[PDB]
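Trainee: This structure is in structure tokens; I'll ask about it shortly.
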Amino acid sequence: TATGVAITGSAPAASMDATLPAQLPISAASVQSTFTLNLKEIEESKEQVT
Amino acid sequence: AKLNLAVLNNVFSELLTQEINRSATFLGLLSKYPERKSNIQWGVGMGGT
Numbered sequence: 051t052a053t054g055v056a057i058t059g060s061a062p063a064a065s066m067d068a069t070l071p072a073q074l075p076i077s078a079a080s081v082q083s084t085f086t087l088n089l090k091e092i093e094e095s096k097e098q099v100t
Numbered sequence: 002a003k004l005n006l007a008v009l010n011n012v013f014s015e016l017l018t019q020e021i022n023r024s025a026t027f028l029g030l031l032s033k034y035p036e037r038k039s040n041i042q043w044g045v046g047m048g049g050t
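In order, the protein sequences belong to chains Y and B. For the first sequence, the positions run 51 to 100 when PDB author numbering is used. For the second sequence, the positions run 2 to 50 when PDB author numbering is used.
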């Protein structure tokens, strides 16, 4: 603050700024995907697709 | 109170006699083939003329 006092005044009260945090968290979750493919499906599709 | 009576050790001999019958006779002469496909399809010809 910057207030106006008299010329013979008495030095008004103090003030400062303030700095604040944000804290923005990540370790909770994760996006994922699965397949479940066989071992014989991979074999007969190496000769039956163009 | 014999000197070596409880300090005997029982040792088997090399006489394994496998007595089960695991015989694969008809499988042993079929001329094995591989098949990396879904199913075998072949053609059978009939009459008609």
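Every residue, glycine too, gets a C-beta built ideally from N, C-alpha and C.
1. So residue 91 (chain Y) is in the alpha helix (DSSP H); what residue range does that whole segment cover?
2. At 9 Å on the CB atoms, spell out the chain B contacts of residue 91 (chain Y), in chain order.
3. Taking only beta-carbon positions, decide if residue 39 (chain B) is within less than 8 Å of chain Y.
4. Could one say the Cβ of residue 73 (chain Y) lies closer than 8 Å to chain B's Cβ atoms, at least one of them?
Mentor: In this structure, then:
1. 91 to 94
2. In chain order: nothing, as chain B lies at least about 10 Å away.
3. yes
4. Residue 73 (chain Y) does not count as touching chain B.
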